[PDB]
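Below, in structure tokens: the form deposited in one PDB entry, a single chain.
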């Protein structure tokens, strides 16, 4: 046993920061390194040796992950008696696992735990609802039980003139779960070349969501180009907007469709996610952000047709800062993807002030894992962003030839708020553009969602292929009556603003 609490973990992290980084894990055995995802996920932990097996009337239990594939960090695991503030280490032993000890090619296999996952009544040994695995990455599910997007303890150099640094959770301490409890507490040591951290997660496993109360203290070993707080990681391959990568049986493929920001000044932003041809970074200035999230608001199975991944059942993630974070940017990185496996969306909070060796930080935030975020704009909300050819009347698209003029059609569909009561008074879109002009601007009632479509044709004013930034909110009798739609469009090359008639 040893003395353990959050204060001791902070000293540990602080003291670790004054010693040289332990460095990258040793390479795995080849049987583990070359192991397929299907083989990796078939590894069987001995349910009789579950972390909380000895707790009467337990509503939660926990098991560990084996090292394998890219998961090569030994993670040290401890049980904490919260009454006595005493931690005991749980030692890896091979007998805890089956189907871990032969490779893809049957070749027979020091090792350790790679992470943990938590199960809930009524299924204490299957269908885990929280999981920590790989670097500082974790995920949770809601009542659909379907895993989608990830969070991380921290992001470092995700978008800068040098390679991303991935911090690792190197140790977790589990408070022994109480009888009847659907909340558990886990402490984590974060360790990286640039930075150490002490984390406390108080994790609420509710009927329809997981709520994590996160507290961290960070201690910078080195100058850092980019510090990303409360990082989220998702994937967008094909949605309703700029469908360049949609050649599958699935009308849409994504773990999230949008970035949602509740700003320091009280403004709501809806930023539809892109799968761009070229790597893209955006930084959104804010001061005391109230919340931000990567949201999956299209719940319609018929929009995905995925009976393996169930994208339509995947959760939203909402970050709620528990203090004033001051000046900084919401960073959004969008990687070009051809499919599903690449985590091509990253979002984080980057404080304004440049990070120096010896800097300390303390952040508190709540994570909400659920179909809907816990808060949304009370005004009209963007339901979907659609793009395609413009330069013709809806209902009368020419079949005999392509449109004579090149333009890109935008349809932004709004629902909820006070659209019903406002419509008779007159609803106007307020559209600003970094380039081009919005023509044939229409405000059209959409009976099947009881909503309004703002449709316009973007005509280029420049041959430039620079990203085109767009903002739109609805006004009525001198008030904003919708959240702000913020879009980034990639116009084609000049010689591609025309149609090849291949028939």
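Whichever C-alpha set is largest while still superposing within 1.5 Å between the two forms counts as the rigid core. Positions refer to the first chain, counted from 1.
Omitted from view is the form deposited in another entry, to which the following refers.
Participant: Which one moved? Candidates are 351, 403, 276, 103, criterion is a Cα shift of 2 Å or more between this form and the one not shown after superposing on the core.
Facilitator: The listed residue whose C-alpha shifts by at least 2 Å is 103.
Participant: Tell me whether residue 40 is among the residues that move between this form and the one not shown (Cα shift of 2 angstroms or more, core superposed).
Facilitator: Yes, its C-alpha moves 2 Å or more.
Participant: With both forms fit on the core, has residue 26 moved 2 Å or more by CA between this form and the one not shown?
Facilitator: Yes, its C-alpha moves 2 Å or more.
Participant: Out of closer and farther, which fits the Cα atoms of residue 123 and residue 38 in that other deposited form compared with this form, where the change is 3 Å or more?
Facilitator: Relative to the shown form, the pair is farther apart.
Participant: Closer or farther: the C-alpha atoms of residue 205 and residue 42 in that other deposited form, versus the form shown, with a change of 3 angstroms or more?
Facilitator: Compared with the shown chain, residue 205-residue 42 is farther in that other deposited form.
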